[PDB]
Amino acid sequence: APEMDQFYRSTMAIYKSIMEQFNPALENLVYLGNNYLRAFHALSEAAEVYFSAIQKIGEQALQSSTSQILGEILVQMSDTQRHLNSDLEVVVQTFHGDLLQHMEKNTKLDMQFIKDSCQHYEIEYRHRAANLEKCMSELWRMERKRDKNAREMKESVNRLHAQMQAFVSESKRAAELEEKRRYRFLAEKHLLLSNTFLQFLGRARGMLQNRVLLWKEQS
């Protein structure tokens, strides 16, 4: 009995961690996440305006009489930045489409899921608890009543308590699992982001290893 309100409490602490700790944190990450995107979109703009202006300076040098080659270099620096940005707004779109639209689209759908799960558990615990402790009393009083049929009632109670041990034990494991599944999903989505961004790193590094060589002006 004492050990069982323990399971009950421990299982409840987990559903409550999910509902009022984890779930809200996902709304938050969608909030902070959207701010993150807007900063990204602002950086890419400031870059495009900056390099568009380098392109113009470059276009002037192309027109000149001795700075044609320097002219070519500046124009292809802006072109490069334009490319790296195309590459980067891919990672930014993975972040948006694959991660940020996912959480806001499902966050309440999964709140309600765990809410029903938690309710199902509580309600079944209450019943077993009730049907059990009442059977104990039947046994408890057809006990002093020196009833012969107290033996079928002793086994009816003992199996009822075994089933509750099973259920309570299984619920705690299933609730732990759900918690882990949600951490794992957060970790996995961020692993995909880390991976796309790693890919961008290799591409950008790819073109800069040669650009830096082509833009030297001698030796």
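Numbers for residues come from their place in the sequence shown, where the first is 1.
For the pair 93 to 101 and 134 to 142, the record assigns the higher mean C-alpha temperature factor to 134 to 142. Judged by mean Cα B factor in the deposited record, 102 to 110 ranks above the other of 78 to 86 and 102 to 110.
Between the residues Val30, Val157, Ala166, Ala39, it is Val157 that shows the highest Cα B-factor in the PDB record. Annotation for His161: CA B-factor lies in the middle third of the chain's modelled residues. For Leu26, the recorded CA B-factor ranks within the middle third of the chain. Only modelled residues enter the ranking. Among all modelled residues in its chain, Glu178 ranks in the middle third by Cα B-factor.
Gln209: CA B factor lies in the lowest third for its chain, per the PDB record. Residue-level temperature factors show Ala53 in the middle third of its chain, judged at the C-alpha atom.
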